[PDB]
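Residue-level listing of the chains:
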Amino acid sequence: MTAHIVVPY
Amino acid sequence: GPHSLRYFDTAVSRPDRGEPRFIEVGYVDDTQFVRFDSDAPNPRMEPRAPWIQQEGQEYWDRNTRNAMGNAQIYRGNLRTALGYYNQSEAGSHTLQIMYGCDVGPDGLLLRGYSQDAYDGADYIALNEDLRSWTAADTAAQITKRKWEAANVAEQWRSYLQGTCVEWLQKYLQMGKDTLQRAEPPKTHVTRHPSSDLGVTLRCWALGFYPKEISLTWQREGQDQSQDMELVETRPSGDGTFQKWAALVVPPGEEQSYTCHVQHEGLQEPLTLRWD
Amino acid sequence: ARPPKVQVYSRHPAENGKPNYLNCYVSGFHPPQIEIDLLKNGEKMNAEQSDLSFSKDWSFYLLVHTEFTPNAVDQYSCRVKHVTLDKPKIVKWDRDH
């Protein structure tokens, strides 16, 4: 399962 | 033994195109199982192995939202990476991200990864402890500052210790027949003489899985090196791998040397000689 | 920037007149744009290419592959074009490599 992350850079 | 779940993410600024192209591939150990390419008009996460196809719609929808998600982040990081280096709009640039979990024979997390490279060179990387970041230069050190305040480290840690590891187990269950096979090499030795100057013996291993294998040539206990050519292990195209190790030996002495083959799918190590 | 390393080989050991697969494995290169072609007597063959992937040192790798039935006289090669190369790189198929 892939990661859902998140921050602008 | 140990196993791994790993995603390899490549974003390429075109830049004779409004968007950079994002490519992601997912692996369990050395077997690819999913793919995302930004250049489809439909772009979805796709299966690349039969054993993942049993997942239902919500698996594919979640994966696709996340890859959509990460593509827009990496596009942003491309634009950001130009100004942090004073860089020309003309030239094409590459951002690579590798992330995943490496797990032991009993399911403990051994190593978690999230790490980045701009045009082939380190940029930033999550530390072995998953609580800190090493930034390659001053450009990346500001990105770090931003990730530090954001506590993105904690976001990675939590993913890597729950989601990543639990899903890896699931994948090892579903793909059992593929991913846990211990498939031994098929072996043989060839001989190619060269005038009266000694003789190339080449020991082969074909059709094996997993990737890791040892091919060594011994004489009188001792491993040989001098005209010893060892190729890089290479995919056969059917999920298996092949390799070989070649040694130049004196004419007449062919049978003094033996090829030693060590693989996961062998009962015990194997010893070959030319005949 | 980094030049490709190229190996050309068949899936199974070649026995003339027997169906088999031909592979061209290219790796170690940066940047990712590369043109790779499988050749039958200097002729382009139809072949599929793997999804772009990379290794721990960040360098790229791809497998180009197609069916073929060995020989008689038929010569095969792999041809690679990459920015680091001022000249295309032709590696010849040899059955015992």
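Residues numbered from 1 in each chain as written, not as in the entry; some residues may be left out. Chains lettered and ligands numbered in written order. Heavy atoms only, no water.

Method of determination, as annotated in the archive: X-ray crystallography, at 2.31 Å resolution.

Which entries qualify depends on this criterion: UniProt positions are given in the numbering used here, feature names are shortened, and annotations may be inferred rather than shown by experiment.
The name given to chain C in the PDB entry is Beta-2-microglobulin, and the organism recorded there is Sus scrofa. In the PDB, the structure is listed with the title "Crystal Structure of Swine Major Histocompatibility Complex Class I SLA-2*040202 For 2.3 Angstrom". As stated in UniProt under Function, the record for chain C gives "Component of the class I major histocompatibility complex (MHC). Involved in the presentation of peptide antigens to the immune system (By similarity)."

As annotated in the PDB entry, chain B carries the name MHC class I antigen and is attributed to Sus scrofa. Taken verbatim from the UniProt record of chain B, the Subcellular location (unreviewed entry) comment is "Membrane". Chain B has a UniProt comment under Function (unreviewed entry) that states "Involved in the presentation of foreign antigens to the immune system."

Quick notes on the UniProt feature "domain: Ig-like" (unreviewed entry) in chain B
Threshold: The helix and strand labels rest on DSSP assignments: H or I over at least four residues marks a helix, E over at least two residues marks a strand, and numbering proceeds from the N terminus.
Per the UniProt record, "domain: Ig-like" (unreviewed entry) is annotated on residues 185–271 of chain B. End-to-end, the C-alpha atoms of residues 185–271 of chain B are 13 Å apart, and along that stretch the chain is 0% helix and 55% strand.

Section: the arrangement of the chains
Test applied: Residues count as neighbours in contact if any of their non-hydrogen atoms are within 4.5 Å of one another.
Most contacts, compared over the 2 pairs of chains touching, are made between chains B and C. With no contact formed, the shortest span from any C-alpha in chain A to any C-alpha in chain C equals 16 Å.

Digging into the UniProt feature "disulfide bond" in chain C
Residue and element names in this part refer to chain C. As a reminder, the rule being used: Counting rule for disulfides: a pair of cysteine sulfur atoms within 2.5 Å. Buried, partly exposed and exposed residues are distinguished by accessible area as a fraction of the type maximum, computed with a 1.4 Å probe on protein chains only: under 20%, between the cut-offs, and over 50%, respectively.
Of the disulfides listed in UniProt, the one joining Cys-24 and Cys-78 is reproduced in the coordinates: its sulfurs are separated by 2.0 Å, less than 2.5 Å. One end of the pair, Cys-24, is in strand β2 (residues 20–29); the other, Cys-78, is in strand β8 (residues 76–81), and 54 residues separate them in sequence. Here the two residues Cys-24 and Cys-78 agree in accessibility, since each one is buried.

Observations regarding the sheet that holds strand β9 (residues 89–92) of chain C
Residues and elements named next belong to chain C. Formally: For two strands to be treated as a pair, DSSP must find at least two bridges joining them.
Taken in spatial order, the 4 strands of this open sheet run β4-β3-β8-β9, and their pairing is antiparallel. Edge positions in the sheet fall to β4 (43–44) and β9, since each of these pairs with one other strand and no more. Two strands pair when backbone bridges link them, and strand β3 (residues 35–40) and β8 are joined in this way by 6 bridges, in the antiparallel orientation. Opposite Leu-39, over in β8, you have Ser-77 as the bridge partner.

Some words on the pairing of β8(C)
In this sheet, β9(C) lies alongside β8(C) in antiparallel orientation, the contact comprising 4 bridges. The residue bridging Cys78(C) from the neighbouring strand is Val91(C), located in β9(C).

Here we look at the packing of aromatic side chains
Here the distance between the centres and the angle between the planes together describe a pair of aromatic rings. Heads up, the rule is: Classification of ring pairs rests on two measures: the distance between centres of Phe, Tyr or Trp rings, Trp counted by its six-membered ring, which must be within 6.5 Å, and the angle between planes, read as stacked under 30 degrees, edge-to-face over 60 and tilted in between.
All chains considered together, the criterion is met by 30 aromatic pairs over all chains. Taking 5.9 Å as the distance between ring centres and 15° as the angle between the ring planes, the aromatic pair formed by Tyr85(B) and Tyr118(B) counts as stacked. With a gap of 33 residues between them, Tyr85(B) in the loop between α1 (57–83) and β5 (93–103) and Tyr118(B) in strand β6 (residues 109–118) connect regions that are remote in the sequence. On the basis of relative accessibility, which here comes to 31%, the residue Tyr85(B) falls in the partly exposed class. Aromatic side chains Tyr76(C) and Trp93(C) sit 6.4 Å apart centroid to centroid with 80° between the ring planes, which places their arrangement in the edge-to-face category.

Things to note about the interface of chain C and chain B
When the parts of a complex come together, some accessible area is lost, and that lost area is often used as the size of the interface. Threshold: Buried area counts how much accessible surface, traced with a 1.4 Å probe, disappears from two parts once they are put together, with both parts' losses summed. Salt-bridge detection follows one rule: a side-chain nitrogen of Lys or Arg within 4 Å of a carboxyl oxygen of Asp or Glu. In protein, a polar contact requires one atom able to donate a hydrogen and another able to accept it; more generally it is a pair of N or O atoms within 3.5 Å, and residues adjacent in sequence count only if both atoms are side-chain atoms.
Each side of the interface is counted separately: chain C has 26 residues, and chain B has 38 residues. When chain C packs against chain B, close to 2600 Å² is buried across both sides, 50% of that on carbon and sulfur atoms. By the criterion of area lost to chain B, the three top residues of chain C are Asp51(C), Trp58(C) and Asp96(C), representing 28% of everything that side buries. The tally of links from chain C across to chain B stands at 3 salt bridges. Between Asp51(C) and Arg35(B) there is a salt bridge, with the nearest N and O atoms lying 2.4 Å from each other. Between the two partners, chain C and chain B, sit 25 residue pairs in polar contact. No other element matches strand β1 (residues 5–10) of chain C, which puts 4 residues into the side of chain C that touches chain B.

Considering the UniProt feature "domain: Ig-like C1-type" in chain C
What UniProt calls "domain: Ig-like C1-type" maps, in this numbering, to residues 4–91 of chain C. Spanning residues 4–91 of chain C, this segment combines 0% helix with 52% strand, and its end C-alpha atoms are found 12 Å apart.

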